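Single-structure report; data block below.
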Amino acid sequence: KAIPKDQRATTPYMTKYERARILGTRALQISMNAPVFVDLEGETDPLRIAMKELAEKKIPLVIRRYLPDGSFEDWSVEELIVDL
Amino acid sequence: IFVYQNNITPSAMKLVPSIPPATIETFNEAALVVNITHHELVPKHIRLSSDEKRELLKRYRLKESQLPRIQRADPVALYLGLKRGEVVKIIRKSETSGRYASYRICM
Amino acid sequence: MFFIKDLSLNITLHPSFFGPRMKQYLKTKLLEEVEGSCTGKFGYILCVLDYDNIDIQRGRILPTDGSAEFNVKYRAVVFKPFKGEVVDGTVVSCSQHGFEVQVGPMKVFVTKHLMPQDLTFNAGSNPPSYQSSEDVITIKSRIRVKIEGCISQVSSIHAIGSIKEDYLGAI
Amino acid sequence: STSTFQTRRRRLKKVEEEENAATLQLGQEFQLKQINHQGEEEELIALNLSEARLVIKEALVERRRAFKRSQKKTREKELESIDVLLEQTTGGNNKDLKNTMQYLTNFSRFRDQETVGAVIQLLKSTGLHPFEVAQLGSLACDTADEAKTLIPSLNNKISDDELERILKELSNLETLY
Amino acid sequence: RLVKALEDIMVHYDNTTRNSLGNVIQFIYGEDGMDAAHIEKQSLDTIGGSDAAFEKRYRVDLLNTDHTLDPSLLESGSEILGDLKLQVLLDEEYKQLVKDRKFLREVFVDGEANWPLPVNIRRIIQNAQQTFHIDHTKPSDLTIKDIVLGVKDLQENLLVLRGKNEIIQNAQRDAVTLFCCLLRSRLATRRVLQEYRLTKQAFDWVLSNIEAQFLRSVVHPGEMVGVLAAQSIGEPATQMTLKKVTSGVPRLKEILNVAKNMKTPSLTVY
Amino acid sequence: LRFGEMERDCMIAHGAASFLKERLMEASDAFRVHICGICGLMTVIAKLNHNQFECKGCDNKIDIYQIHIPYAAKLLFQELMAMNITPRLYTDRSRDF
Amino acid sequence: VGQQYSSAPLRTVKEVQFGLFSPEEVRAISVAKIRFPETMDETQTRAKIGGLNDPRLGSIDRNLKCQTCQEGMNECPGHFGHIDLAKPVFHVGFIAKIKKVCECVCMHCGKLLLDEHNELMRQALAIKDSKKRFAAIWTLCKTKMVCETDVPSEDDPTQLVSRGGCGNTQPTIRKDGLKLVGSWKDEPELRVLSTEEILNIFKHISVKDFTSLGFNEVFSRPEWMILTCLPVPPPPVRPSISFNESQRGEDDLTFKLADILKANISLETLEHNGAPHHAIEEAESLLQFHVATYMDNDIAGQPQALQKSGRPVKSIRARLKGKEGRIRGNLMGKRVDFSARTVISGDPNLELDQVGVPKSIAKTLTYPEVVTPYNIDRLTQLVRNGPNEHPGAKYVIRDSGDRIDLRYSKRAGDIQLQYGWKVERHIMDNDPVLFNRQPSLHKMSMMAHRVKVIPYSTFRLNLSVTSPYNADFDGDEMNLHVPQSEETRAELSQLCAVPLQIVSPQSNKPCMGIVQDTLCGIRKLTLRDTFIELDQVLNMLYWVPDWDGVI
Amino acid sequence: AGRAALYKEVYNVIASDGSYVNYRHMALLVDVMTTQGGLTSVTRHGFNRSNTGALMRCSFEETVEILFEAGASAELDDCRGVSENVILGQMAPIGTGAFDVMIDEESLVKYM
DNA sequence: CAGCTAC
RNA sequence: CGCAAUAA
DNA sequence: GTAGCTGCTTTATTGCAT
Ligand SMILES: [Mg+2]
Ligand SMILES: [Zn+2]
Ligand SMILES: [Zn+2]
Ligand SMILES: [Zn+2]
């Protein structure tokens, strides 16, 4: 089906896994010579960078939250609130 | 409803399901000396319309099966006289947060 | 005969190219693989129409290594012959076994036996040929054939056609 | 490879693969009933030579355009004008489309996107299962027989006189060279 | 066994507890949707204690010289006395604090007032205490309306299940209900001003945190509860090195089996 | 060293998905086999050199996927096949739900 | 991970369709006829005969060949073969069901013994559930043993309506070893139900009757539970064990087949030769045996068929049987690479989350890092550093899926690294690691610690993190697992890091705390009676790393 | 009311030992057993025979037997189960993998 | 050898 | 390959 | 009322013999 960027119910905040994962995923890419979206103020470690990309919410990723029925929701690192 | 005392005949009872729509139930006298519903341990349940149910269902994005069930002959089940399909909403107390809404479809 | 079928394709992109001009490299590579392709079920893939509106949708990331998988939905123009299909084209090579006519990107071949008898294979000809009472068939001579059978090989479909029925000669 | 908006379900037994005969028995992937990207149902898209040359030429060009919006930051006469548009927006290893534009440009039966316009609106009023439509278009015919024979699917889908008129109207719109 | 018996049971993004069939097992993990780790034994004062003492503590009477907030506490003290439109909330509140009393004593027949509950409202205040060096002398600056209302708001946000319809929103109230009592218990007008002198600031802070700290204490869709809970039981199951009723390890066994003839049968009739 | 069941459970509890999968795969079995997109089988006479793919009896060379699973998996299956049971491998669900 | 680029696409399994093999598919698939019993020896000439083993199936001797399929050994999964039995045989495990089925359908015709005409039957044909339907069905029609031709419809018991014919009586069937027998009942008429017979009765069972009885028209046709053609698993399922050159090594299974084969040939050579009719059925029972065993050898009818040496013989069933076996043994839990184990000993000098790893091990284990302009230097150093000094590395792998062995490669002190190259290096301080102590029965049994290379051979963990592992030092050991992919560690460090597990979601209370010395001491250190003078109160302050420097 | 007792007991068991467990768990378990219908034993006789996948139930006690009648009854497995993927070598829909990640072309240009 | 289903 | 030990 | 069935904590370390 899908689901409108409106009408979604899932938590407005990022699951500790999402975050935990997002970073990993990005780091992995970063580490594979992907494009860096922040000023590596000296920083040379990927998962370090990620923690940074993710803190300026400059990560170009989208979390696809699935539902017990198959329908899903779509959130962007940008949107999602990173409390934790 | 039919409150038999000690029993009904295996010949008798063989005519309870022979006249539908209308349906008939059999209850033992001794089996109704006390109300089970009244028991400390038992939480009150409630029936649902083919609306409230079809609602509950759509509202949780559920198929019929995925729902928790209650025995057709369950003590409470007969007290309210369910039907292979109707849904019961059980609202009981909780040491984690006052109340807790739970449902049981019937098999 | 030539059709416009709606296809899709899933290309895996390395995190490298996760730049800004990505939408582009996706397209760009789509074409590197599609345009010029050939399948028995789609036949000859010739050209991707409407370049600017190719759908990439959100691509997902394959866990283990950034590589993102996008499902490029699109539309292009193709042509895959059929049997009993009649089309004409420029002859190319010719031999004691027949001549081959080039119908579009494809090539259909005619057997000395699939043509009429009053047409003999002229040997001492230059370039090689076949001759009727009033006709002469060779190289750039234009024919119109009937595609008898097709055989989808590698990345090129072939067929054999006859010019024995009526209305199937030169022009 | 490449897929197609048409998820046919495979039930282990891979056998029912008819055969291809211009008995309008085109391989499943070409039923007069195929599916559009929008998930919509859309009539098979039969393209007749020369009407194709335009579809390609156009999109092939307009590509050259967006292939430059990103750079700031007569018969034998079209042979040359095409070799150009090709070695600019094509691959060059796509030696087919080179050959296709040759053939297509050569045996074309038209020139105008207007001529080919009415050509279509004309044939397009029979009920002919798209593959015919295309054939009657890209094939030069005289008697209703030349047609009914080289396009055997017809036979009972039109009275010779009609397919005749229609066959005449074609020998007209048929722009010169 | 308990492992393979609940592997696949996890919290879904809808906040429901299911398995590899989507079969609901708990609509709200743990009947409250909280992550175990974010809970501490709190005490619902609104429950234990004498009827007398209760009234004393939480009762506010703006129509009495002996039951009104002494103006030494609230800044707008005197100018409030008698104010009838305010005593409507003070009674609207006190009435609630009592529906609470009855409510708790209806679930915890026992009287035990200490229970595991998200958000440590106890400490959260203490911090506020010495974070604004508030002195147990000067007056507040919170309208009675400030307090009683901000509390009523705080609630509205403690969102467990988020939903946009009726059924769902209903669950919200359900899933929360208890926590609230605790909240309304530690945030009654009297208590707030008399016991822990709070400035308008202090309060607005305490309120804020209770929230944000609550919203942290939610469960995270992804938590493989089943396995977790599975272990949590068969863990202190190994630490068991062993009124004369079948008990301990064999007892537990007896249970998980759904065994007919249990060694001890017993049956306590009152 | 061994990462037996006990260990697994724990990780599944942690939610450490990738990591778990990684211990099970890269640091162990991890094998790449081919399939008849149709009859979920290992057959696929893949010649990864000339690209040819076949799987006659099903007769293909067109619908063929390659998958990554444990060598102890290919095995589990082959063993079931030798006991005459068809463990079909489908790269896409249809039954839905 | 299997080396060699495959142009084929790449997806992950989504569904698993279980079915039974059709005696023809077996043929379809098979690449080897498999008529000879022998392993091979083309007249002792070491190789393989078109009989068994690579009669085209996979191969041995480190040789590409595999019906051109090349690839050789690692990369060429198995290539199935088959073998044509003389007569039909059951399926050691399906015997249970093939029986229960016959009691539901009649022989001679092949139709149910309960139509929608009977009511108790309908309810059964309504219970949607491939198992419970075929559960009730059987429970019902196992009684009626007369395949009636007429029954009193849903109208009057005065109008006996008609259906299928042949009311022939049906024998109650009983099991005996590997065959089914039933009495037809003045006095009993017991006879052996021939497989060929049963097989047929089944074939003629209705297509919609399949269905009604938990079966499938395309995947599991009752008529398949009886084996006609036999799928012959290729080498890698029954690998050899050749000692050098001129020595055997044949697997257990490879014999069972060998047996099955021989036992088969004997049958055929009796059907097209001196056939003492029922002195042959005396040898057909042998094939029903071996091919029974080959799959299952833990039956009730004892005869274990021990391989000459009184040794049991591992049936395929035995290879999958729980614990220590394929499923629970090799798939639900495997042995891993990048793992170490030693003696653990406490140490009041490593913050909770740390874990001392003996330099010996930091040099053994590795982590695959990808040459990036962020460390293109740090690595070149490690690379050239050799794999013996501590901070070093032992492998550099280039794009061209080829590994340079840093300890022998005549280029050790060379190598210009290439952006995109992978350089496996030594574990260095602060690489997250999963460190745990079995039995792992807590979520906290395994945790992520910061790695700290240290002299002496022992994992030196902090004390306070000891009670969650349920460990101590009376000679206890522990396991250490080194993550491998960037995203991996991330999972450990972000969800498994010890500093996290500090509060237990099983007791909503911390699961670590102060113990032993530090505990007993923090009491004596407390006491009103306890005072400390300058010199010390000074050194003590210094020991707290985060001392604001304010005496 | 049955649940209540089932839970009540399980509780009194872990409680006579002193140890403290948080409702939720015993509750969950006590539930898993309760939902279905009546009492579902945490045994090969109970839970491990219900409509779950095959491969899953397969990795616990009856294994081969379970499998045998998997293809016998043409069963189908969702591969929704933890065990499922573990056996297959895929990321199980659990925590880390209970959702997907995607490079959203758009935002990937708005960022520069 | 239970503890429990199947005959 | 099965036995026997032995650690915690 | 009697008979048949499947499982048994986790890793590790060593000797062993044919
Ligand atoms: Mg110890
Ligand atoms: Zn196949
Ligand atoms: Zn091979
Ligand atoms: Zn019959």
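Cβ sites come from the backbone with ideal geometry, for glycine too, and all protein chains shown count toward neighbours. Just so you know, all these numbers are worked out from the coordinates, no wet-lab data involved.
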Check your understanding: Convex hull over the Cα atoms of the protein assembly as shown, averaged projected area in nm²?
Key -> 82.6
Review point. Stokes-Einstein D for region F:1-81 at 4 °C, 1.567 mPa s, Kirkwood Rh over Cα pairs, in µm²/s?
Key: 89
Point to revise | 18 Å reach of a label modelled at E:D110, 7 Å along Cα-to-Cβ, counting backbone N of region H:14-55 | key: H:14-28
Exercise for review: Mind scanning C:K80/D:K73; A:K52/E:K200; E:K253/G:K321; E:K56/H:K8 and naming the pairs with a C-alpha gap bigger than 29 Å?
Suggested key: C:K80/D:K73; A:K52/E:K200; E:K56/H:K8
Revision key, fill the gap. Counting only residues 5 or more apart in sequence or on a different chain, those whose built amide H sits under 5 Å from that of C:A76 are C:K5, C:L7, C:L49
Exercise for review: Apply the Kirkwood formula to region E:1-130: the hydrodynamic radius equals the inverse of the mean of 1/r over all pairs of different alpha-carbon atoms; give it in Å with one decimal.
Suggested key: 18.8
Review point. Please state the equivalent ellipsoid semi-axes for region G:1-141: what are the square roots of 5 times the Cα gyration tensor eigenvalues, largest first, in whole Å?
Key: 46, 23, 10
Point to revise | Bins of 5 Å from zero: percent of alpha-carbon pairs in region G:404-551 | key: 2, 7, 12, 14, 14, 13, 11, 10, 7, 5, 3, 2, 1, 0, 0
Check your understanding: In a Debye calculation with equal point scatterers on the alpha-carbon sites of region D:1-46 and no solvent, what is log10 I(q)/I(0) at q = 0.19 Å⁻¹?
Key -> -0.76
Review point. In degrees, nearest 10, range 0 to 90: what is the angle between the Cα axis of helix H:24-34 and the longest Cα principal axis of chain H?
Key: 80
Practice item. Using every Cα-Cα pair within chain E, state what percent have a distance larger than 34 Å. Key: 35
Exercise for review: Could you let me know the centre-to-centre spacing of region G:389-437 and region G:153-229, using Cα atoms, in angstrom?
Suggested key: 67
Review point. Excluding same-chain residues fewer than 8 positions from A:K57, which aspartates and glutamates have a Cα within less than 15 Å of its Cα?
Key: A:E18, A:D39, A:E78, A:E79, A:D83, H:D104, H:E106
Point to revise | Length-normalised contact order for region C:83-171 - Cα pairs under 8 Å, 6+ apart - percent | key: 33
Revision key, fill the gap. For chain H, the Kirkwood Rh over every pair of distinct alpha carbons, in Å, works out to 17.6
Review point. Can you work out ³J(HN,Hα) from phi for every residue in region F:5-14, in order, using Karplus 6.51 cos²θ - 1.76 cosθ + 1.60 and θ = phi - 60°, giving whole Hz and x for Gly and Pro?
Key: 3, 2, 4, 3, 2, 2, 4, 4, 6, 5
Review point. Mind checking the angle between helix C:22-33 and chain C's longest principal axis? C-alpha axes, 0 to 90 degrees, to the nearest 10.
Key: 20
Exercise for review: Compute the whole-percent fraction of alpha carbon pairs in region E:124-270 spaced more than 25 Å apart.
Suggested key: 56
Check your understanding: Counting pairs of alpha carbon atoms under 8 Å apart in space and at least six apart in sequence, what relative contact order in percent does chain B give?
Key -> 24
Revision key, fill the gap. For region C:1-124, averaging the sequence separation of alpha carbon pairs under 8 Å that lie six or more residues apart and dividing by its residue count, the contact order in percent is 26
Review point. In terms of modelled amide H atoms, which long-range or inter-chain residues lie less than 5 Å from the amide H of G:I454?
Key: G:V357, G:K359
Check your understanding: Antiparallel DSSP bridges in region G:410-551: what percent, to the nearest 5?
Key -> 85
Review point. Over the alpha carbons of chain A, what is the largest minus smallest coordinate on each principal axis, giving the biggest first in Å?
Key: 44, 24, 19
**Study point:** Those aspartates and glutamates that a straight Cα-Cα span of less than 17 Å connects to B:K93, excepting residues fewer than 8 apart in one chain
**Key:** B:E40, E:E31, E:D32, E:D100, E:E106, E:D110, E:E112, E:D174, H:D31
Review point. Over 19 Å between Cα atoms, which of G:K14/G:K97; G:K111/G:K142; A:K5/B:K63 qualify?
Key: G:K14/G:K97; A:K5/B:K63
Point to revise | Surface/4 of the Cα convex hull for region C:1-82, nm² | key: 5.7
Practice item. Using just the alpha carbons, could you tell me how many Å³ per residue the convex hull of chain C encloses? Key: 145
**Study point:** Whole-Hz ³J(HN,Hα) from phi, Karplus 6.51 cos²θ - 1.76 cosθ + 1.60, for region G:500-513, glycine and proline x
**Key:** 8, 3, 3, 10, 7, x, 9, 7, 5, 6, x, 10, 10, x
Revision key, fill the gap. Kirkwood calc, region C:83-171, C-alpha pairs only, radius in angstrom 12.9
Revision key, fill the gap. Computed Rg/Rh for chain B (Cα atoms; Rh = Kirkwood radius) stands at 1.03
Point to revise | Using θ = phi - 60° and Karplus 6.51 cos²θ - 1.76 cosθ + 1.60, couplings along region E:254-270 (whole Hz; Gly, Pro as x) | key: 2, 5, 3, 8, 6, 7, 5, 6, 6, 2, 9, x, 6, 3, 8, 9, 8
Check your understanding: Long-range amide H contacts for C:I143: which residues qualify at under 5 Å (H placed 1.01 Å from N, peptide plane, sequence gap of 5 or more or a different chain)?
Key -> C:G89, C:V91
**Study point:** For peptides E:57-69, G:422-434, sequence by mean Cβ density within 10 Å, most packed first
**Key:** G:422-434, E:57-69
Check your understanding: What is the mean projected area of the alpha carbon convex hull for chain G, to one decimal in square nanometres?
Key -> 44.3
Practice item. Determine the calculated [θ] at 222 nm for the protein assembly as shown from helices alone, applying -39500 (n - 2.57) to every DSSP H run no shorter than 4 residues and normalising by the residue count; nearest 500 deg cm²/dmol. Key: -8500 deg cm²/dmol
Study note, to complete from the structure: Rounded to whole angstroms and listed largest first, the alpha-carbon spread of region G:351-412 along its three principal axes comes to 42, 26, 20
**Study point:** Percent of beta bridges antiparallel (DSSP, chain C, rounded to nearest 5)
**Key:** 95
